[PDB]
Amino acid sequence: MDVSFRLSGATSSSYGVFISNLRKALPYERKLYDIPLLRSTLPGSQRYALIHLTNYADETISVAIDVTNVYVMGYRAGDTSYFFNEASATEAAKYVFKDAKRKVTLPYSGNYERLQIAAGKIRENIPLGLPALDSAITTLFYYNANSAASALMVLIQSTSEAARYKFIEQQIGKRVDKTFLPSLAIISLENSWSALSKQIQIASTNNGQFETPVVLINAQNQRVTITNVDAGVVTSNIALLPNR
């Protein structure tokens, strides 16, 4: 269940090893098109995994993930736990970080629309890359509440979204000593994970064909309609599928 990443001495390779270990920490039913399909039901003792992240200043947070969908439920810093204001995280708080002296319910839920409203900033204007992840860890470790929502969006994209997509893992891991604003291609992948996952599952009993087309933006900023499992996003990008 545990997976660790250290920012001190991080490389593109060490980030890749971390994201592979995160994918490998999640139990799978089987593969569809060589993509792991996550479990629909687990023993409670197996339902949540912890990611330990340590920044350049040697400050560690532990992040709780739901292994059936890679959603971040909350995090711990020292003797405080912090959970999203959402029923899924209230359930998680029964299993993880129970020994923390103080449990905080964050003001907001974990979805990007509420995170962006809380931050007063959209993902397209928040730098990613390994240095951005280092700053995000600092903010969360101290719970600097005015920067926490932005930090959580860095943290989620650098963990949950990188685990879901090779293209995101690759783009974030390439920025070792710099930052970058995420392209519409990265945003589009995050926004469409749920819909694409559903259509890949449908496709497997439907001769490879989607029931419902999915619109993405590609790396040239073009709108593309996805209708089958031969799309590059299905053959050479997406890395995990949730069960409905």
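Residue positions are given as counts along the sequence shown, with the first one as 1.
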Would 8-16 or 231-239 have the larger average of its C-alpha temperature factors, as given in the entry?
8-16
Looking only at C-alpha temperature factors in the entry, 57-65 or 43-51, the higher average sits in 43-51
Using the temperature factors in the entry, find which of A219, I200, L216, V70 has the highest value at its Cα atom.
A219
In terms of CA temperature factor as recorded, identify the highest of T138, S150, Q170, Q157.
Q170
Just say lowest, middle or highest third for the CA B-factor of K166 relative to the other modelled residues in its chain.
middle
Where does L37 sit by CA temperature factor within its chain: lowest, middle or highest third?
middle
Third of the chain's Cα B-factor distribution that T90 belongs to, per the entry
middle
Ranked C-alpha temperature factor of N207 among modelled chain residues, by third
highest
According to the PDB entry, is the CA B factor of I122 in the bottom, middle or top third of its chain, that is, lowest, middle or highest?
highest
